[PDB]
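> whatever this is, show me its structure:
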Amino acid sequence: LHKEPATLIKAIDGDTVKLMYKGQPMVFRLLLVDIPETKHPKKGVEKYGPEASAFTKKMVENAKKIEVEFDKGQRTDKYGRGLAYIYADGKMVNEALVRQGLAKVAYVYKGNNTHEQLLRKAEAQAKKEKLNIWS
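Numbers count the residues shown, from 1 in each chain. Please see the structure below:
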């Protein structure tokens, strides 16, 4: 896989960020993570969801360098969102969220699974430490 530079435009949620990639604006969905949805209709946000959002936002808003890493599967979903791993100064947001107990590891999607073991491992650790959603 290859890391590509991007620039923060705006963080939308724990699992969605808007970036400038190859010169044009684009919305990315964090691969292999399942978060407590905050941007929803009649759902009254979700338990830990505002912490996952603040986490993601803190992480990318304060970073010097954002990078995007597409996987080898399908690269966009049916809503036109890029499907990728996001890196903030070398640290993967996807993994951080899971390590910190603010997301579960999602089912693999359309062949996109390169970092799934790494992610499942972070998830066991958080479970073991009874972090946030595992509290």
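> output the longest strand belonging to this protein.
For the chain, the strand with the greatest residue count under DSSP state E is strand 3-11.
> just checking: what are the partner strands of it?
Note on strand 3-11: by DSSP bridges, its sheet partners are strand 16-21 (antiparallel), strand 66-70 (antiparallel).
> and the longest one, how far out from the chain middle?
If I follow you right, that is strand 16-21. Relative to its parent chain, strand 16-21 has a centroid offset of 11 Å by CA atoms, centre = their mean, to the nearest Å.
> what's next to it, contact-wise?
Outside of strand 16-21, the residues within contact range by CB atoms under 8 Å, 6 or more residues apart in numbering are 4, 6-12, 25-30, 39, 56, 60, 66, 68, 81-82, 86. Using the backbone N, CA and C atoms, a C-beta is placed for each residue, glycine as well.
> show me which of the residues you listed are buried.
For these, a neighbour count by 16 or more other CB atoms under 10 Å gives the buried set as 6, 8, 11-12, 26-30, 56, 60, 66, 68, 81-82, 86.
> find the residue at the geometric middle of the chain.
Most central in the chain under CA atoms, centre = their mean is residue 30, positioned 3.2 Å from the mean C-alpha point.
> for it, give the beta-bridge partners.
When assigned by DSSP bridges, residue 30 has beta-bridge partners residue 84.
> how near is it to residue 88?
Counting by CB to CB, to the nearest Å, the separation of residue 30 from residue 88 is 12 Å.
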